[PDB]
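Peer 1: Just passing along the structure, written as structure tokens.
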Amino acid sequence: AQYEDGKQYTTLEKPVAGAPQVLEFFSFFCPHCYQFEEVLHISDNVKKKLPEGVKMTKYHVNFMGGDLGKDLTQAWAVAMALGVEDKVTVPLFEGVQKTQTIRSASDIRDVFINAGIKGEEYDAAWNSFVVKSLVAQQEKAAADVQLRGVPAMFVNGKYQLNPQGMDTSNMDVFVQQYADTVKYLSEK
């Protein structure tokens, strides 16, 4: 066909019930993830092609960057709880990969302060049990698909995007292929 298992996507040997409809994993240590976010705006372009009635979920992972990697997963839980994903994503990426000024939880915290979240509101979120279970959700979702690599997108707990199988001579064309693939899988 035009879309084929093993080409634009793969199928899970082990489907995951009750999964979010469009589920994306990343790491602020992940170089392709930086590309995906700041250069290609994948999440965004997928969204604008998804039918609506469809929610999009993005989770951080632990397996890159050891101790900081986990701090970053908890901080992304904070960002989700406060609804400030859109104000910290870029400075977290650049602070980890561009300027390399993020080396500790305290530096992660600085990004949120600079983004305007109050220290008080941040420390309370950081320490809240609502953030604990949010961390647990991120870990569980990654666990359910035995996630060993990022960036990664899963559709309806049963399909995994396979970006390796798309032309990259043009960035715009890659993005649209990627998004259309998501929409195809979405309708499947």
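Each chain of the structure tokens is named A, B, ... in the order shown, its residues numbered from 1; ligands are numbered from 1 in display order.
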What are the closest atom pairs, with distances in Å to one decimal, for each residue of segment 7-68 of chain A lying within 10 Å of segment 98-109 of chain A, using only C-alpha atoms, rows by chain and rising residue number, as a Markdown table?
Peer 2:
```
| residue | atom | partner | partner_atom | distance |
| --- | --- | --- | --- | --- |
| A:34 | CA | A:98 | CA | 9.7 |
| A:67 | CA | A:104 | CA | 8.8 |
| A:68 | CA | A:104 | CA | 6.5 |
```
Peer 1: Within 6 Å of segment 159-172 of chain A, counting only C-alpha atoms, which residues qualify if same-chain residues fewer than 6 places away don't, as a PyMOL selection string?
Peer 2: chain A and resi 7-11+153
Peer 1: List every residue of segment 26-80 of chain A that has an atom at most 9 Å from any atom of segment 127-138 of chain A, and for each one report the closest atom pair and its distance in Å to one decimal, counting only C-alpha atoms, with rows sorted by chain and then by increasing residue number, as a tab-separated table.
Peer 2:
```
residue	atom	partner	partner_atom	distance
A:58	CA	A:138	CA	8.7
A:59	CA	A:138	CA	5.5
A:60	CA	A:138	CA	6.6
A:61	CA	A:138	CA	7.1
A:73	CA	A:135	CA	6.6
A:74	CA	A:135	CA	5.8
A:75	CA	A:131	CA	8.8
A:76	CA	A:135	CA	8.3
A:77	CA	A:134	CA	5.6
A:78	CA	A:131	CA	6.2
A:80	CA	A:134	CA	8.3
```
Peer 1: Determine which residues of segment 84-184 of chain A DSSP labels as strand (DSSP E or B) from the backbone of this structure, then write them out as a ChimeraX atom specification.
Peer 2: /A:152-155,159-161
Peer 1: Output the selection as an mmCIF file, in the first residue's frame - N, CA, C and O atoms for each residue.
Peer 2:
```cif
data_model
loop_
_atom_site.group_PDB
_atom_site.id
_atom_site.type_symbol
_atom_site.label_atom_id
_atom_site.label_comp_id
_atom_site.auth_asym_id
_atom_site.auth_seq_id
_atom_site.Cartn_x
_atom_site.Cartn_y
_atom_site.Cartn_z
ATOM 1 N N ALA A 152 9.556 9.677 20.258
ATOM 2 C CA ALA A 152 8.717 8.546 19.963
ATOM 3 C C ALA A 152 7.304 9.025 20.028
ATOM 4 O O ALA A 152 6.970 9.857 20.868
ATOM 5 N N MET A 153 6.490 8.543 19.093
ATOM 6 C CA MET A 153 5.063 8.789 19.122
ATOM 7 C C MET A 153 4.298 7.485 18.926
ATOM 8 O O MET A 153 4.663 6.658 18.098
ATOM 9 N N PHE A 154 3.218 7.331 19.678
ATOM 10 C CA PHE A 154 2.392 6.125 19.644
ATOM 11 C C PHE A 154 0.967 6.582 19.404
ATOM 12 O O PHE A 154 0.569 7.627 19.920
ATOM 13 N N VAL A 155 0.239 5.870 18.550
ATOM 14 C CA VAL A 155 -1.167 6.204 18.281
ATOM 15 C C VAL A 155 -2.131 5.128 18.786
ATOM 16 O O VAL A 155 -2.053 3.976 18.340
ATOM 17 N N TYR A 159 0.129 1.809 17.504
ATOM 18 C CA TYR A 159 1.093 2.094 16.447
ATOM 19 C C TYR A 159 2.202 3.052 16.849
ATOM 20 O O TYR A 159 1.957 4.014 17.570
ATOM 21 N N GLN A 160 3.396 2.829 16.303
ATOM 22 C CA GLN A 160 4.559 3.625 16.636
ATOM 23 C C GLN A 160 5.097 4.248 15.356
ATOM 24 O O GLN A 160 5.342 3.559 14.357
ATOM 25 N N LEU A 161 5.228 5.562 15.373
ATOM 26 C CA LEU A 161 5.740 6.278 14.220
ATOM 27 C C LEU A 161 7.141 5.795 13.931
ATOM 28 O O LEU A 161 7.907 5.526 14.847
#
```
Peer 1: Please identify all polymer residues within 12 Å of residue 176 of chain A, counting only C-alpha atoms, omitting same-chain residues fewer than 6 positions from it, and present them as a ChimeraX atom specification.
Peer 2: /A:40-49,163,166-168,170,182-184
Peer 1: Let's have the selection written as a compact mmCIF listing (two decimals), in the first residue's frame, with N, CA, C and O atoms.
Peer 2:
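result11.txt, written as the output of this step:
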```txt
# COMPACT_ATOMS: atom_id res chain seq x y z
N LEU A 40 11.46 21.68 13.83
CA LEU A 40 10.42 21.02 13.05
C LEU A 40 9.01 21.22 13.58
O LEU A 40 8.05 21.06 12.84
N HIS A 41 8.88 21.59 14.86
CA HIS A 41 7.57 21.82 15.47
C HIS A 41 6.57 20.70 15.19
O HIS A 41 5.42 20.95 14.85
N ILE A 42 7.05 19.47 15.33
CA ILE A 42 6.27 18.27 15.06
C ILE A 42 4.93 18.22 15.79
O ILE A 42 3.87 18.06 15.16
N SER A 43 4.98 18.37 17.11
CA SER A 43 3.79 18.31 17.94
C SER A 43 2.76 19.22 17.37
O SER A 43 1.58 18.89 17.23
N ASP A 44 3.22 20.40 17.02
CA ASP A 44 2.31 21.42 16.57
C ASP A 44 1.68 21.06 15.24
O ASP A 44 0.49 21.23 15.05
N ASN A 45 2.47 20.50 14.35
CA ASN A 45 1.98 20.24 13.01
C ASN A 45 1.07 19.03 12.99
O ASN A 45 0.08 19.00 12.26
N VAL A 46 1.39 18.05 13.83
CA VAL A 46 0.48 16.93 14.04
C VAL A 46 -0.88 17.44 14.52
O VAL A 46 -1.90 17.14 13.89
N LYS A 47 -0.88 18.22 15.59
CA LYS A 47 -2.12 18.78 16.13
C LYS A 47 -3.01 19.37 15.03
O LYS A 47 -4.18 19.04 14.93
N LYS A 48 -2.45 20.24 14.20
CA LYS A 48 -3.28 20.92 13.20
C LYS A 48 -3.81 19.99 12.09
O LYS A 48 -4.52 20.46 11.19
N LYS A 49 -3.47 18.71 12.14
CA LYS A 49 -4.03 17.76 11.19
C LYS A 49 -4.87 16.70 11.86
O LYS A 49 -5.60 15.99 11.19
N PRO A 163 9.99 7.38 11.95
CA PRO A 163 10.56 8.48 11.16
C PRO A 163 11.75 8.10 10.26
O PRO A 163 11.98 8.78 9.26
N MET A 166 11.21 7.89 6.26
CA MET A 166 10.66 9.08 5.59
C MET A 166 11.83 9.90 5.01
O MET A 166 12.92 9.93 5.59
N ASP A 167 11.65 10.55 3.86
CA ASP A 167 12.74 11.34 3.28
C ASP A 167 13.06 12.56 4.14
O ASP A 167 12.15 13.21 4.65
N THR A 168 14.35 12.86 4.32
CA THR A 168 14.74 14.04 5.09
C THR A 168 15.55 15.06 4.28
O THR A 168 16.45 15.71 4.82
N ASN A 170 14.18 17.44 2.71
CA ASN A 170 13.39 18.61 3.00
C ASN A 170 12.76 18.47 4.37
O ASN A 170 12.10 17.47 4.64
N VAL A 182 0.41 10.28 11.19
CA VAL A 182 -0.31 10.25 12.45
C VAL A 182 -1.81 10.28 12.19
O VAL A 182 -2.57 9.56 12.83
N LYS A 183 -2.23 11.11 11.23
CA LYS A 183 -3.65 11.26 10.94
C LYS A 183 -4.18 9.95 10.36
O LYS A 183 -5.19 9.44 10.82
N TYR A 184 -3.47 9.37 9.40
CA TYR A 184 -3.81 8.03 8.88
C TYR A 184 -3.99 6.99 9.98
O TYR A 184 -5.01 6.30 10.04
```
Peer 1: To test your reading of the structure, identify every residue in segment 33-123 of chain A that backbone DSSP assigns to alpha helix (DSSP H), and report it as a VMD selection string.
Peer 2: chain A and resid 33 to 34 42 to 47 66 to 82 85 to 97 105 to 114 119 to 123
Peer 1: Any idea what the distance is between atom CA of residue 62 of chain A and atom CA of residue 143 of chain A?
Peer 2: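 Value for the atom CA of residue 62 of chain A-atom CA of residue 143 of chain A distance: 10.7 Å.
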Peer 1: Using only C-alpha atoms, which of A:64, A:173, A:141, A:185 sits nearest residue 29 of chain A?
Peer 2: A:64
